[PDB]
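Just one chain is shown here, as structure tokens, and it is the form deposited in one PDB entry.
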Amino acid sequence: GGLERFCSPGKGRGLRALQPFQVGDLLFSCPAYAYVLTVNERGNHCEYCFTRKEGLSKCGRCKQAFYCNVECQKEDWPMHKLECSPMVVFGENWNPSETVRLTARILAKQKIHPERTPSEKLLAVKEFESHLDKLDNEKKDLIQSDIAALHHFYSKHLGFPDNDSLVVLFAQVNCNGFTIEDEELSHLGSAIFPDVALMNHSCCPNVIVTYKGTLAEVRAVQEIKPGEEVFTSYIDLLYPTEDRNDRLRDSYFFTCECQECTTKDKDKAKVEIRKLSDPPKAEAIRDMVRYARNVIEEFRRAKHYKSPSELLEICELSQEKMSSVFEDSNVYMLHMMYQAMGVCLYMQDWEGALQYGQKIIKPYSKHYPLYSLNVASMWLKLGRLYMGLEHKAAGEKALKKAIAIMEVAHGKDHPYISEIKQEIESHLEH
């Protein structure tokens, strides 16, 4: 559109604006080059168009793929053929990672479509940065076993290029891949959007990437002047600059140097220390931060095998131990609270979930930017929890605060905004 590919010094390739864009303006949308629905969302969402419905039909062989109707099934078949039969043959042992699943889809799409797609207008998949020189042995070994898994499960319908070519491609996916989220930032699947991948990172982004099914769309969250580069955020903005740049060095191989990262303006309020008699020493804070970043990692591993009680305990005991130094507005406090809310939501313990939600909504607003999907998503969860617990007045308020951010982020007309407005109306009469 009114945009340009250029060389951003120290940032590689980037997107710059040829015209002014106001807050909420659509920069462009980009269709998905390749995409997959997560194993867990099978049945809830159409495998093809990513539409959440309760009346889906399944395949007459695998029974593991679900579609709106015949039309969605035929259109998805070239991609689904890759698994339908292997899911029957390997049955119990069918466990390729979502990266493998996605990479398969890319390789299939390259074979049936060697020419530049309408998804690669400025950046091509084959032009993706790979950072092969910066990868340690661990990552190279992960990639290697990804290749074997792909050979294992996908040999019956795909023809593989040489090993060294797949190494490049897998590195490209880990560096340019997108995850698709729904309203409540729930993980729907993985996808490639080559044109959106062109945008660089700021922890002060001027755009937001949103989704309308399998279509990605990019809207301005700040006034963009002609000549300015267009930035999204690759990461969750809640965390301190060090926690942020730790993730950026490890997954994308750079240190961010935007205004936020250079001045650390919001770092103090994020790691809020309890103001009290005998102010905790720099050593006791350094210890608790390490404990926090540590227990977060512990929890991430635990939530894949531990029971809800065990996970609730982790959240409770860590909250307790951190309480001695950290306020409730502290980011590491919010995290464990947010996790505990996840486990309450799993256990149909709606009242519990709501309490955690109330205790984390305000600090969220202070820590995130004004237009932030995390905030809107939290508002939405609160709105539906309130609304289901007979709190219609607080529910509507929370739902309207969601719409306020989403109108700018998703666009006034987004099917998500229709749903929310419809959830509001379902409780009133006029």
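The numbering used is simple: start at 1 and walk along the sequence shown.
In what follows, reference is made to the form solved in complex with a small molecule, a form of this protein that is not presented.
By the criterion of a heavy atom within 4.5 Å, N330 is excluded from the residues contacting the small molecule in the deposited complex. Taking the partner from elsewhere, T179 is found to have a heavy atom lying within 4.5 Å of the small molecule in the deposited complex.
Taking the partner from the other structure, the small molecule in the deposited complex has a heavy atom within 4.5 Å of a heavy atom of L135. Although the partner is absent from this view, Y252 contacts the small molecule in the deposited complex, with a non-hydrogen atom inside 4.5 angstroms.
Of the candidate stretches 320-328, 271-279, 353-361, 233-241, only 233-241 has residues whose heavy atoms lie within 4.5 Å of the small molecule in the deposited complex. A heavy atom within 4.5 Å of the small molecule in the deposited complex is found for one listed residue only; from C175, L166, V88, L345, this is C175. Listed residues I314, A197, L82, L107 were compared with the small molecule in the deposited complex; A197 is the one with a heavy atom within 4.5 Å.
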